[PDB]
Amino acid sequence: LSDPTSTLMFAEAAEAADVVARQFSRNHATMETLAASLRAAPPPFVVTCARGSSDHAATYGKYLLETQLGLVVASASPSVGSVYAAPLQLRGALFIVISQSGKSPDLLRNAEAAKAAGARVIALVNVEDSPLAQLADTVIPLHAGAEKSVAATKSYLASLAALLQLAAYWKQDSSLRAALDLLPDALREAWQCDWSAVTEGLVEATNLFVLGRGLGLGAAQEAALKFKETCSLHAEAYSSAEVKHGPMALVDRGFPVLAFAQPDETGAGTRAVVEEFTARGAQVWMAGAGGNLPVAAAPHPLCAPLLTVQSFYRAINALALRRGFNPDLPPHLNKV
């Protein structure tokens, strides 16, 4: 269509700032109670349990809790069908299930097993009366409302925001707490960032790397999923820590790079790496670290990936339509 604003993906992504504001207001005391309980009985480590977009949120959760609380974060394996020669030793661990609908039988079985093993199960979940919420020791509703687009947007940003409020309150980080009050306005600014250069440059694309590292890796993972689902583009997320492998093998004219960088110039590789990509004739866009894509000013560095994703949703919505796809309908059913 000729009006990018007319998609549900656009309307729902635009809601994210209001979603985050009301989520933090509604969940404040519940999060404080959970945070106090974790300080009183510190878990030995954390486990995230999630699929799809929610697992890309778990990637961000890992970075947040490892860097801010100093706790190791592992991933559960809900739908892998492992047979345990030994029960998994989860006693006292914090077991974080992230799920939009909270109904996946695999997630439920994994959460039940974690509880039986003595873990504390918390659910970051949008559907508050879901089977997962009923199971959890503590429920953190995402408060994202209904998503009618098949493309997840505000629900993913809400998952990141809930992890951030958990980290802020658990840590008692007064600086991050103050930045949470500023985060909705920053998301509103991020929604206005002009990423038309990458929309225009990818109309004819057939391959892409989305690079990220550390704080922004989960955002790169989600961006690549969005390119696959809405644009029928083989975008692949890749850690810039491993740029000497896949990206150095394949980046070329006709195989471009979108990089999410932190202000310390990490997330795209070194200057020499980017220069090699450019010398090959590859298009390279970078959001962050003075890159050629404009980004909103983050009120706290840990907020930055939410802003990056908020900006990217507008660019990818526009790109889907330019490529002849309706981002509100499933792949293979959405060519216009």
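One-based numbering along the sequence shown.
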Higher of the two mean Cα B-factors (71 to 79, 172 to 180; per PDB record) comes from 71 to 79
Entry B factor averaged over C-alpha atoms, 258 to 266 against 90 to 98: higher for 258 to 266
From 305, 299, 281, 61, the top C-alpha temperature factor is at 281
Per the deposited B-factor column, the C-alpha that peaks among 143, 228, 120, 148 belongs to 148
Tertile call for residue 242 (CA temperature factor, within chain, third-based) is the middle
For residue 194, the third of its chain by CA B-factor is the highest
Chain-relative C-alpha B factor for residue 136 (record values, thirds): the highest
The third of the chain into which the C-alpha temperature factor of residue 56 falls is the lowest
In terms of its chain's C-alpha B-factors, the third that includes residue 113 is the highest
